[PDB]
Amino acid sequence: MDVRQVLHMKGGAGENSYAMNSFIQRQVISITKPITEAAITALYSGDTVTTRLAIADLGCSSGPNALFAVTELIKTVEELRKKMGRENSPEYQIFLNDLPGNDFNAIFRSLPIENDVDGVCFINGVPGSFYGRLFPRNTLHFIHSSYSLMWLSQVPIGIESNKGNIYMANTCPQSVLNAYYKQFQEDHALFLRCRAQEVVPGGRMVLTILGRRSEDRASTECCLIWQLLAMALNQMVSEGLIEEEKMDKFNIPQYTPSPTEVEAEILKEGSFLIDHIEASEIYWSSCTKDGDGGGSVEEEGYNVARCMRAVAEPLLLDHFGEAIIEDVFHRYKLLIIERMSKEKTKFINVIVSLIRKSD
């Protein structure tokens, strides 16, 4: 019950939600530029990428970021082909992938409004799950992917997650719960097999999954944010609100963090090589040089909520209905604002650069 595929996407661009609330995932893509520079330099260096380069963003979204990274690759490549590696640029063939029901219209419109693109970039939207095959065999040289690979194929089955039902969140789950991990394995390995068939032997993949360091499936490194949402909900279930305890006891984000558990999966599948694989970290700055450069009634208050709202409003709205929503984010907002103080909130970013190997 609950088909992630048909159910989740991020709030649709234009308005205040996901486009107007994804600056943090934007900075992560920023900071991850170097790892990707090595990646495309390495791949461009010497032919495999001849007359056609085919970059593909997996789990892109709406608004900026969708094209942000696939636009700093075509950049770099062009800057090489001129400082020499070849005399002509290749034609860039882009593939923006996401689940059906993401805002492809929003991108095709308010975005490529940039008619064509430099070096000529043929853009293509590919709807579907990346936990399966999206492109023909040996079609791709380069696969980018930030903050999307932690999302799961489905919710993990066995679940007695009562209190902090929401997630793998720490304290009170009972290892029985961590069938999440058992889930991540079959999902992530099925992702790799597929990618292995479509990525050309020289091809590169730079995946950025939001995970952790603590090797302890339950830490504020990953479980807080949902815990905070859960906490917001459990108070409303108590206060009497349209969640019986029967309803909340069924909601559960379906995604999993982790760091070495990744390499653990990448080599099990003997398809990709590995490189610079690390785990960076970022603060819930969730802003920019924003007008008011506030404290918490801003920095997390609102900015970290509107983000977690554009990110989960649909999962919720679909499991509890609109009547709630307004209220759960007003509360959730406050909880993080306060939780912002007693501690320094942040996320971990297992990053991996890879190479289809074999031949």
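In this text, residue numbers run from 1 along the sequence as written.
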So, looking at the entry's B-factor column for Cα atoms, which has the higher mean, 116-124 or 274-282?
116-124
Mean CA temperature factor from the deposited coordinates, higher in 169-177 or in 194-202?
169-177
If you compare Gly293, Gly321, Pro314, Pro34, which has the highest Cα B-factor in the entry?
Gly293
Kindly indicate the residue among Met150, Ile74, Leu241, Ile107 with the greatest C-alpha B-factor in the PDB record.
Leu241
Among the modelled residues of its chain, the C-alpha B-factor of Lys10 falls in the third labelled lowest
Ranking the modelled residues of this chain by C-alpha B-factor as given in the entry, is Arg81 in the lowest, middle or highest third?
middle
Comparing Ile143 with the other modelled residues of its chain, is its CA B-factor in the lowest, middle or highest third?
lowest
Split the chain's modelled residues into thirds by Cα B-factor; is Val304 in the lowest, middle or highest one?
middle
Hey, what third does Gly211 fall into on Cα B-factor, ranked over its chain?
middle
